[PDB]
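S.K.: What follows is start22.pdb, made up of PDB, C-alpha atoms (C1' of nucleotides):
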```
ATOM      1  CA  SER A   1       7.313  50.459  -1.690
ATOM      2  CA  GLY A   2       9.662  53.307  -2.549
ATOM      3  CA  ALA A   3       9.906  53.288  -6.323
ATOM      4  CA  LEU A   4       8.576  56.446  -7.884
ATOM      5  CA  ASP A   5       5.285  55.126  -9.229
ATOM      6  CA  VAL A   6       6.608  52.078 -11.094
ATOM      7  CA  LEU A   7       6.010  49.807  -8.108
ATOM      8  CA  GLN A   8       3.024  51.746  -6.766
ATOM      9  CA  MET A   9      -0.687  51.843  -7.528
ATOM     10  CA  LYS A  10      -1.882  52.730 -11.012
ATOM     11  CA  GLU A  11      -5.207  54.348 -11.852
ATOM     12  CA  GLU A  12      -6.085  51.691 -14.458
ATOM     13  CA  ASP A  13      -5.922  48.596 -12.277
ATOM     14  CA  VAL A  14      -8.264  50.072  -9.635
ATOM     15  CA  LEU A  15     -11.086  49.958 -12.188
ATOM     16  CA  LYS A  16     -10.329  46.328 -13.053
ATOM     17  CA  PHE A  17     -10.354  45.240  -9.387
ATOM     18  CA  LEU A  18     -13.697  46.888  -8.765
ATOM     19  CA  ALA A  19     -15.321  45.634 -11.958
ATOM     20  CA  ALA A  20     -14.338  42.085 -10.995
ATOM     21  CA  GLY A  21     -15.634  42.537  -7.427
ATOM     22  CA  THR A  22     -12.347  41.612  -5.672
ATOM     23  CA  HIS A  23     -12.871  44.361  -3.060
ATOM     24  CA  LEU A  24     -15.976  42.630  -1.666
ATOM     25  CA  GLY A  25     -15.238  39.872   0.835
ATOM     26  CA  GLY A  26     -17.063  37.134   2.758
ATOM     27  CA  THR A  27     -19.234  37.477   5.845
ATOM     28  CA  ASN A  28     -16.700  36.130   8.363
ATOM     29  CA  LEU A  29     -13.386  37.094   9.888
ATOM     30  CA  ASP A  30     -10.505  35.348  11.631
ATOM     31  CA  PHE A  31      -8.167  36.654  14.297
ATOM     32  CA  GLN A  32      -5.463  36.822  11.618
ATOM     33  CA  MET A  33      -7.768  38.236   8.939
ATOM     34  CA  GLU A  34      -8.685  41.599  10.320
ATOM     35  CA  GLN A  35      -5.486  43.411   9.378
ATOM     36  CA  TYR A  36      -6.488  43.712   5.737
ATOM     37  CA  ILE A  37     -10.194  44.421   6.283
ATOM     38  CA  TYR A  38     -11.027  48.070   6.921
ATOM     39  CA  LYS A  39     -14.599  47.761   8.075
ATOM     40  CA  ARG A  40     -17.968  46.249   7.357
ATOM     41  CA  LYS A  41     -20.704  47.513   5.072
ATOM     42  CA  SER A  42     -24.385  48.171   5.874
ATOM     43  CA  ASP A  43     -24.704  44.656   4.489
ATOM     44  CA  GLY A  44     -22.934  41.597   5.901
ATOM     45  CA  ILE A  45     -20.111  42.078   3.358
ATOM     46  CA  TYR A  46     -16.712  43.073   4.795
ATOM     47  CA  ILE A  47     -14.695  45.329   2.592
ATOM     48  CA  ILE A  48     -11.102  44.306   1.832
ATOM     49  CA  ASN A  49      -8.881  47.324   1.117
ATOM     50  CA  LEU A  50      -7.078  47.423  -2.210
ATOM     51  CA  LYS A  51      -4.099  49.418  -0.960
ATOM     52  CA  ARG A  52      -3.509  46.495   1.398
ATOM     53  CA  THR A  53      -3.934  44.098  -1.552
ATOM     54  CA  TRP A  54      -1.400  45.942  -3.682
ATOM     55  CA  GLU A  55       1.614  45.798  -1.376
ATOM     56  CA  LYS A  56       1.055  42.115  -0.633
ATOM     57  CA  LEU A  57       0.957  41.364  -4.369
ATOM     58  CA  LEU A  58       4.446  42.777  -4.815
ATOM     59  CA  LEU A  59       6.696  41.097  -2.231
ATOM     60  CA  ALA A  60       4.810  37.856  -2.945
ATOM     61  CA  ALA A  61       5.747  38.255  -6.611
ATOM     62  CA  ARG A  62       9.355  39.234  -5.835
ATOM     63  CA  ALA A  63       9.811  35.897  -4.049
ATOM     64  CA  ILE A  64       8.410  34.016  -7.085
ATOM     65  CA  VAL A  65      11.077  35.799  -9.173
ATOM     66  CA  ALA A  66      13.950  35.013  -6.819
ATOM     67  CA  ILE A  67      14.414  31.376  -7.897
ATOM     68  CA  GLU A  68      17.148  31.053 -10.558
ATOM     69  CA  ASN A  69      15.363  28.359 -12.526
ATOM     70  CA  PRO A  70      11.630  28.883 -12.846
ATOM     71  CA  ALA A  71      10.413  25.424 -13.710
ATOM     72  CA  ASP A  72       9.640  24.297 -10.181
ATOM     73  CA  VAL A  73       7.329  26.863  -8.678
ATOM     74  CA  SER A  74       4.455  24.422  -8.646
ATOM     75  CA  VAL A  75       1.002  25.943  -8.775
ATOM     76  CA  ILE A  76      -2.050  24.003  -7.598
ATOM     77  CA  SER A  77      -5.807  24.457  -7.716
ATOM     78  CA  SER A  78      -8.637  21.954  -7.543
ATOM     79  CA  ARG A  79     -11.723  24.181  -7.502
ATOM     80  CA  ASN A  80     -13.104  24.701 -11.017
ATOM     81  CA  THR A  81     -12.587  28.454 -11.277
ATOM     82  CA  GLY A  82      -8.838  28.328 -10.684
ATOM     83  CA  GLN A  83      -8.190  25.638 -13.307
ATOM     84  CA  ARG A  84      -8.276  27.746 -16.464
ATOM     85  CA  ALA A  85      -6.394  30.484 -14.606
ATOM     86  CA  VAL A  86      -3.427  28.348 -13.437
ATOM     87  CA  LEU A  87      -2.985  26.731 -16.865
ATOM     88  CA  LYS A  88      -2.335  30.084 -18.559
ATOM     89  CA  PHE A  89      -0.225  31.187 -15.570
ATOM     90  CA  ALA A  90       2.188  28.291 -15.922
ATOM     91  CA  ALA A  91       2.279  28.745 -19.705
ATOM     92  CA  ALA A  92       3.199  32.443 -19.379
ATOM     93  CA  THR A  93       5.801  32.127 -16.609
ATOM     94  CA  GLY A  94       7.848  28.920 -16.308
ATOM     95  CA  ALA A  95       6.073  26.810 -13.723
ATOM     96  CA  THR A  96       4.478  23.393 -13.331
ATOM     97  CA  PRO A  97       0.678  23.239 -12.959
ATOM     98  CA  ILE A  98      -1.235  20.647 -10.939
ATOM     99  CA  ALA A  99      -4.899  20.902 -11.911
ATOM    100  CA  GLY A 100      -7.732  18.969 -10.252
ATOM    101  CA  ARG A 101      -7.431  16.305  -7.536
ATOM    102  CA  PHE A 102      -3.988  16.425  -5.982
ATOM    103  CA  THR A 103      -3.384  12.722  -5.270
ATOM    104  CA  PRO A 104      -1.611  12.892  -1.894
ATOM    105  CA  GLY A 105       1.892  11.703  -1.074
ATOM    106  CA  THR A 106       3.210  13.617  -4.102
ATOM    107  CA  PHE A 107       6.303  15.012  -2.389
ATOM    108  CA  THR A 108       6.428  12.605   0.557
ATOM    109  CA  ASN A 109       7.004   9.402  -1.459
ATOM    110  CA  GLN A 110      10.214   8.404  -3.190
ATOM    111  CA  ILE A 111       8.542   5.733  -5.273
ATOM    112  CA  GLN A 112       5.753   7.200  -7.352
ATOM    113  CA  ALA A 113       5.909   8.114 -11.030
ATOM    114  CA  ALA A 114       4.179  11.451 -10.415
ATOM    115  CA  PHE A 115       6.808  12.453  -7.816
ATOM    116  CA  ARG A 116       7.647  16.147  -7.736
ATOM    117  CA  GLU A 117       9.956  18.234  -5.629
ATOM    118  CA  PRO A 118       9.416  21.981  -6.138
ATOM    119  CA  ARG A 119      10.651  24.829  -3.972
ATOM    120  CA  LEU A 120       7.659  27.168  -3.647
ATOM    121  CA  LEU A 121       3.923  26.616  -3.860
ATOM    122  CA  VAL A 122       1.196  29.019  -4.899
ATOM    123  CA  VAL A 123      -2.161  27.614  -3.907
ATOM    124  CA  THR A 124      -5.704  28.854  -4.467
ATOM    125  CA  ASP A 125      -7.932  28.806  -1.370
ATOM    126  CA  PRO A 126      -6.369  26.990   1.655
ATOM    127  CA  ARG A 127      -9.606  25.213   2.634
ATOM    128  CA  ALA A 128     -10.008  23.380  -0.657
ATOM    129  CA  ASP A 129      -6.384  22.426  -1.191
ATOM    130  CA  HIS A 130      -5.579  21.368   2.355
ATOM    131  CA  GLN A 131      -3.745  18.164   1.317
ATOM    132  CA  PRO A 132      -0.681  19.828  -0.346
ATOM    133  CA  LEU A 133      -0.431  22.443   2.444
ATOM    134  CA  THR A 134      -0.052  19.824   5.187
ATOM    135  CA  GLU A 135       2.462  18.016   3.021
ATOM    136  CA  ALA A 136       4.449  21.242   2.509
ATOM    137  CA  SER A 137       5.732  21.057   6.080
ATOM    138  CA  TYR A 138       7.405  17.682   5.451
ATOM    139  CA  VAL A 139       9.715  18.972   2.731
ATOM    140  CA  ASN A 140      10.407  22.563   3.810
ATOM    141  CA  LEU A 141       8.542  24.441   1.083
ATOM    142  CA  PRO A 142       7.596  28.131   1.508
ATOM    143  CA  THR A 143       3.924  28.731   0.741
ATOM    144  CA  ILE A 144       1.840  31.538  -0.733
ATOM    145  CA  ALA A 145      -1.878  31.580  -1.331
ATOM    146  CA  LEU A 146      -5.004  33.607  -1.897
ATOM    147  CA  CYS A 147      -7.105  33.949   1.230
ATOM    148  CA  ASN A 148     -10.705  35.058   1.336
ATOM    149  CA  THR A 149     -11.417  36.817   4.615
ATOM    150  CA  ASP A 150     -11.980  33.713   6.684
ATOM    151  CA  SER A 151      -9.734  31.008   5.216
ATOM    152  CA  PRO A 152      -7.511  29.483   7.943
ATOM    153  CA  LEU A 153      -3.929  30.765   8.063
ATOM    154  CA  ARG A 154      -1.501  28.052   9.029
ATOM    155  CA  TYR A 155       1.378  27.085   6.757
ATOM    156  CA  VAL A 156       0.877  30.324   4.831
ATOM    157  CA  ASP A 157       3.987  32.507   4.894
ATOM    158  CA  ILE A 158       2.383  35.332   2.962
ATOM    159  CA  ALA A 159      -1.204  35.974   1.892
ATOM    160  CA  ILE A 160      -2.613  37.913  -1.043
ATOM    161  CA  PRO A 161      -6.232  38.817  -0.063
ATOM    162  CA  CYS A 162      -8.961  38.414  -2.672
ATOM    163  CA  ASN A 163     -12.712  37.763  -2.836
ATOM    164  CA  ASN A 164     -12.270  34.328  -4.491
ATOM    165  CA  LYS A 165     -15.764  32.901  -4.224
ATOM    166  CA  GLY A 166     -15.632  32.585  -8.004
ATOM    167  CA  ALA A 167     -16.592  35.111 -10.643
ATOM    168  CA  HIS A 168     -13.903  37.168 -12.362
ATOM    169  CA  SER A 169     -12.189  37.683  -8.986
ATOM    170  CA  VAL A 170     -10.149  34.488  -9.354
ATOM    171  CA  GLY A 171      -8.816  34.807 -12.887
ATOM    172  CA  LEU A 172      -8.111  38.529 -12.583
ATOM    173  CA  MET A 173      -5.861  37.974  -9.583
ATOM    174  CA  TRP A 174      -3.787  35.265 -11.269
ATOM    175  CA  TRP A 175      -3.481  37.530 -14.346
ATOM    176  CA  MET A 176      -2.158  40.450 -12.269
ATOM    177  CA  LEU A 177       0.288  38.099 -10.575
ATOM    178  CA  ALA A 178       1.698  37.046 -13.945
ATOM    179  CA  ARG A 179       1.945  40.672 -15.087
ATOM    180  CA  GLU A 180       4.209  41.608 -12.192
ATOM    181  CA  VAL A 181       6.686  38.731 -12.368
ATOM    182  CA  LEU A 182       7.423  39.543 -16.029
ATOM    183  CA  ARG A 183       7.988  43.245 -15.359
ATOM    184  CA  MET A 184      10.595  42.345 -12.752
ATOM    185  CA  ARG A 185      12.405  39.340 -14.149
ATOM    186  CA  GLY A 186      11.842  39.673 -17.878
ATOM    187  CA  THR A 187      11.908  42.641 -20.227
ATOM    188  CA  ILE A 188       8.141  42.874 -20.755
ATOM    189  CA  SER A 189       8.314  46.057 -18.619
ATOM    190  CA  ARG A 190       7.553  49.242 -20.452
ATOM    191  CA  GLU A 191       5.023  50.587 -17.923
ATOM    192  CA  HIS A 192       2.619  50.805 -20.858
ATOM    193  CA  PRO A 193      -0.081  48.313 -21.307
ATOM    194  CA  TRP A 194       0.468  44.565 -21.582
ATOM    195  CA  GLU A 195      -0.980  42.879 -24.661
ATOM    196  CA  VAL A 196      -2.389  39.826 -22.877
ATOM    197  CA  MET A 197      -6.002  40.009 -21.719
ATOM    198  CA  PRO A 198      -7.289  39.156 -18.220
ATOM    199  CA  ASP A 199     -10.232  37.725 -20.203
ATOM    200  CA  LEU A 200      -8.607  34.392 -21.063
ATOM    201  CA  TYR A 201      -7.494  33.808 -17.461
ATOM    202  CA  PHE A 202     -11.162  33.642 -16.368
ATOM    203  CA  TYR A 203     -13.197  30.449 -15.869
ATOM    204  CA  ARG A 204     -14.287  28.504 -18.970
ATOM    205  CA  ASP A 205     -17.897  28.392 -17.690
ATOM    206  CA  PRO A 206     -20.809  26.459 -19.372
ATOM    207  CA  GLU A 207     -20.782  27.860 -22.897
ATOM    208  CA  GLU A 208     -23.472  28.924 -25.341
TER
ATOM    209  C1'   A B   1       7.893 -84.211   8.417
ATOM    210  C1'   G B   2      14.425 -89.009   8.681
ATOM    211  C1'   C B   3      10.221 -84.437  13.140
ATOM    212  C1'   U B   4      11.839 -88.046  16.807
ATOM    213  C1'   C B   5      13.870 -93.084  17.929
ATOM    214  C1'   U B   6      15.630 -98.013  16.158
ATOM    215  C1'   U B   7      18.779 -99.692  11.822
ATOM    216  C1'   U B   8      23.640 -97.792   8.583
ATOM    217  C1'   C B   9      25.102 -95.918   4.342
ATOM    218  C1'   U B  10      25.749 -91.464   1.454
ATOM    219  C1'   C B  11      27.735 -86.262   0.817
ATOM    220  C1'   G B  12      33.203 -83.934   1.679
ATOM    221  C1'   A B  13      35.066 -78.436   4.403
ATOM    222  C1'   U B  14      30.013 -75.459   1.262
ATOM    223  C1'   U B  15      29.314 -76.632   6.921
ATOM    224  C1'   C B  16      29.238 -77.261  12.159
ATOM    225  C1'   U B  17      30.208 -75.562  17.438
ATOM    226  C1'   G B  18      31.088 -71.012  20.954
ATOM    227  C1'   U B  19      31.102 -65.782  21.240
ATOM    228  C1'   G B  20      30.720 -61.148  19.080
ATOM    229  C1'   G B  21      27.568 -58.827  15.309
ATOM    230  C1'   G B  22      23.037 -58.608  12.930
ATOM    231  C1'   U B  23      18.688 -59.754  10.127
ATOM    232  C1'   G B  24      13.572 -60.166   9.654
ATOM    233  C1'   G B  25       8.523 -58.449  11.588
ATOM    234  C1'   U B  26       0.659 -56.646   9.061
ATOM    235  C1'   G B  27       5.108 -55.784  16.494
ATOM    236  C1'   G B  28       4.002 -50.872  19.295
ATOM    237  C1'   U B  29       3.870 -45.590  19.032
ATOM    238  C1'   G B  30      -0.339 -41.240  13.223
ATOM    239  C1'   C B  31       0.786 -37.247  20.257
ATOM    240  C1'   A B  32       8.381 -38.848  17.184
ATOM    241  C1'   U B  33       7.692 -38.053  11.418
ATOM    242  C1'   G B  34       7.587 -37.828   5.578
ATOM    243  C1'   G B  35       4.058 -38.427   1.697
ATOM    244  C1'   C B  36      -1.095 -38.367   0.593
ATOM    245  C1'   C B  37      -6.077 -37.182   1.811
ATOM    246  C1'   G B  38     -10.350 -35.110   4.313
ATOM    247  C1'   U B  39     -12.389 -30.754   6.607
ATOM    248  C1'   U B  40     -12.648 -25.732   8.401
ATOM    249  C1'   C B  41     -14.696 -23.267   3.056
ATOM    250  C1'   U B  42     -16.904 -23.818  -2.040
ATOM    251  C1'   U B  43     -18.265 -19.029   0.542
ATOM    252  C1'   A B  44     -14.749 -14.725  -1.462
ATOM    253  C1'   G B  45     -11.159 -14.439   1.013
ATOM    254  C1'   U B  46      -5.352 -13.272   1.511
ATOM    255  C1'   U B  47      -0.274 -10.252   1.626
ATOM    256  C1'   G B  48       4.127  -7.433   1.257
ATOM    257  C1'   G B  49       6.727  -2.611  -0.674
ATOM    258  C1'   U B  50       7.006   2.806  -0.195
ATOM    259  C1'   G B  51       4.247   6.681   2.178
ATOM    260  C1'   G B  52       0.687   8.449   6.189
ATOM    261  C1'   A B  53      -1.570   7.959  11.497
ATOM    262  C1'   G B  54      -0.260   5.913  16.876
ATOM    263  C1'   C B  55       4.797   5.526  23.015
ATOM    264  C1'   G B  56       2.978   0.553  21.181
ATOM    265  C1'   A B  57       0.154  -3.964  20.181
ATOM    266  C1'   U B  58      -1.695  -2.236  15.359
ATOM    267  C1'   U B  59      -4.103   0.589  11.333
ATOM    268  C1'   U B  60      -4.699   2.862   6.499
ATOM    269  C1'   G B  61      -4.245   0.757   1.405
ATOM    270  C1'   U B  62      -8.336  -3.922   1.597
ATOM    271  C1'   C B  63     -13.754   2.122   1.118
ATOM    272  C1'   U B  64     -19.833   5.983   2.569
ATOM    273  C1'   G B  65     -22.707   4.758  -2.206
ATOM    274  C1'   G B  66     -24.292   2.126  -6.787
ATOM    275  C1'   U B  67     -23.426  -2.746  -9.148
ATOM    276  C1'   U B  68     -22.071  -8.019  -9.667
ATOM    277  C1'   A B  69     -22.696 -14.748  -8.960
ATOM    278  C1'   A B  70     -17.740 -12.797  -7.147
ATOM    279  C1'   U B  71     -12.155  -8.147  -2.858
ATOM    280  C1'   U B  72     -16.822  -8.046  -9.916
ATOM    281  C1'   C B  73     -16.430  -3.219 -11.539
ATOM    282  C1'   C B  74     -17.875   1.982 -11.559
ATOM    283  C1'   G B  75     -17.083   5.878  -8.349
ATOM    284  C1'   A B  76     -15.239   8.279  -3.933
ATOM    285  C1'   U B  77     -10.723   8.920  -1.280
ATOM    286  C1'   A B  78      -3.662   9.821   2.931
ATOM    287  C1'   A B  79      -2.704   6.930  -0.075
ATOM    288  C1'   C B  80       0.184   5.170  -4.734
ATOM    289  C1'   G B  81       1.684   1.225  -7.623
TER
END
```
What do you get writing this file as structure tokens?

M.R.:
Amino acid sequence: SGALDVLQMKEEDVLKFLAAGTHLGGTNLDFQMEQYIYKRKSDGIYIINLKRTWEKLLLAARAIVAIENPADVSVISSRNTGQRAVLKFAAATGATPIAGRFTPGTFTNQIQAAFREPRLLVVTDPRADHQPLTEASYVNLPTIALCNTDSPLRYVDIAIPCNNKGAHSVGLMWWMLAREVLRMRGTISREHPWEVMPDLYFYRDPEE
RNA sequence: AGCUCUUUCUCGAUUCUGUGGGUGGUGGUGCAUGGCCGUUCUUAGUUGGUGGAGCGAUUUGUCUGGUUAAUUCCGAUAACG
């Protein structure tokens, strides 16, 4: 980075990452996903580094800020875990959520009453939301997403590594993303702790 | 049957005679046609728009499954309406 400590790692957030198990990562690698891994464990787990997570969070977020009108940075997730997360995301920062089954042809059509035309996309898990990704390259959208350690990289301009096999790893990462964009664009910045909880960005989950 | 012939009046330009031109026909052609009907077919089938996939003829939509008497619905889903 280059800012003094106000765009660099904080002692607090390290604890939150490790409590939510984001550092742990799946038992497979790609030829593009080996530049964020450090090494393997005794176990089949492959340990994502959090330094490498932190830088990628920032320039990803700075691009989300750069649009003049935030009302067309369309977020998407279809897996259950990333549903509750995206809804709070797009409430907090001006965005348009697309929860559940995508319904393809959304941006390709001209005649469709659910037609959209955003600029950016922020997708959870490339290999569950493959339909909008393929469709991104017909309308010249930049793309950002959360990769595991083995998700295919293709139509992903920038990645933000994560564990993302569920748990608290999903909701935590979307919460952190929303923290950063408000520090930069808004006036929420104070470098002293944000009021909003990462708790209500987690999965609803079958209740008591 | 004044049809024809013998016999010899009546009607009065409507006709008659020649040519041209038509008119009529349960004549032919249903393989020149309209209309109507039968059958394929009484089963559940049929199509375009916009978008996607193919150099293209085309295809997807119009479906693995359950369900219904039924392309009848539920559901799933590069298709949507």

S.K.: Starting from the displayed file, determine the output of the PyMOL selection byres ((chain A) within 7 of (chain B)) and express the residue list as an MDAnalysis selection string.

M.R.: chainID A and resid 104:105 108:109 111:112

S.K.: Residues at most 7 Å from region 66-79 of chain A, counting only C-alpha atoms (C1' of nucleotides), excluding those fewer than 4 positions away in the same chain, as a list in words?

M.R.: residues 62, 83, 86, 94, 95, 96, 97, 98, 99, 100, 101, 118, 119, 120, 121, 122, 123, 124 and 129 of chain A

S.K.: Report the residues retrieved by the PyMOL selection byres ((chain A and resi 55-61) around 12) from the displayed file, expressed as a VMD selection string.

M.R.: chain A and resid 1 to 3 6 to 9 36 49 to 54 62 to 67 73 93 120 to 122 142 to 147 156 to 162 173 to 185

S.K.: Run the PyMOL selection byres ((chain B and resi 69) around 12) against the file shown and list the residues it catches, as JSON, numbers by chain.

M.R.: {"B": [43, 44, 68, 70, 72]}

S.K.: Could you give me, as a PyMOL selection string, the residues within 9 Å of residue 152 (chain A), counting only C-alpha atoms (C1' of nucleotides) and dropping anything in the same chain fewer than 6 positions from it?

M.R.: chain A and resi 30+32-33+126-127

S.K.: Since we have the selection now, will you write its residues out, keeping C-alpha atoms, as an mmCIF file, keeping the file's coordinate frame?

M.R.:
```
data_model
loop_
_atom_site.group_PDB
_atom_site.id
_atom_site.type_symbol
_atom_site.label_atom_id
_atom_site.label_comp_id
_atom_site.auth_asym_id
_atom_site.auth_seq_id
_atom_site.Cartn_x
_atom_site.Cartn_y
_atom_site.Cartn_z
ATOM 1 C CA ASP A 30 -10.505 35.348 11.631
ATOM 2 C CA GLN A 32 -5.463 36.822 11.618
ATOM 3 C CA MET A 33 -7.768 38.236 8.939
ATOM 4 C CA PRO A 126 -6.369 26.990 1.655
ATOM 5 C CA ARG A 127 -9.606 25.213 2.634
#
```

S.K.: What is the distance, in Å and to one decimal place, between CA of residue 12 (chain A) and CA of residue 46 (chain A)?

M.R.: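 We find that CA of residue 12 (chain A) and CA of residue 46 (chain A) lie 23.6 Å from each other.
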
S.K.: At what distance in Å, to one decimal, does CA of residue 199 (chain A) lie from CA of residue 89 (chain A)?

M.R.: 12.8 Å

S.K.: Restricting the calculation to only C-alpha atoms: of A:21, A:82, A:132, A:198, which residue gets closest to residue 107 (chain A)?

M.R.: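 The answer is A:132, which sits nearest to residue 107 (chain A).
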
S.K.: Just the number, please: distance in Å from CA of residue 141 (chain A) to CA of residue 92 (chain A), one decimal.

M.R.: 22.6 Å

S.K.: Using all atoms listed in the file, determine which residues lie at most 10 Å from residue 16 (chain A), disregarding the query and same-chain residues fewer than 3 positions distant; provide the list as a list in words.

M.R.: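 Final neighbour list, sorted by chain and number: residues 11, 12, 13, 19, 20, 21, 22, 168, 169, 172 and 198 of chain A.
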
S.K.: Neighbourhood query: residues within 8 Å of (-12.2, -8.9, -0.6), file coordinates, counting only C-alpha atoms (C1' of nucleotides); return as a PDB file with C-alpha atoms (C1' of nucleotides), in the coordinates of the input.

M.R.:
```pdb
ATOM      1  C1'   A B  44     -14.749 -14.725  -1.462  1.00  0.00           C
ATOM      2  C1'   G B  45     -11.159 -14.439   1.013  1.00  0.00           C
ATOM      3  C1'   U B  62      -8.336  -3.922   1.597  1.00  0.00           C
ATOM      4  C1'   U B  71     -12.155  -8.147  -2.858  1.00  0.00           C
TER       5        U B  71
END
```
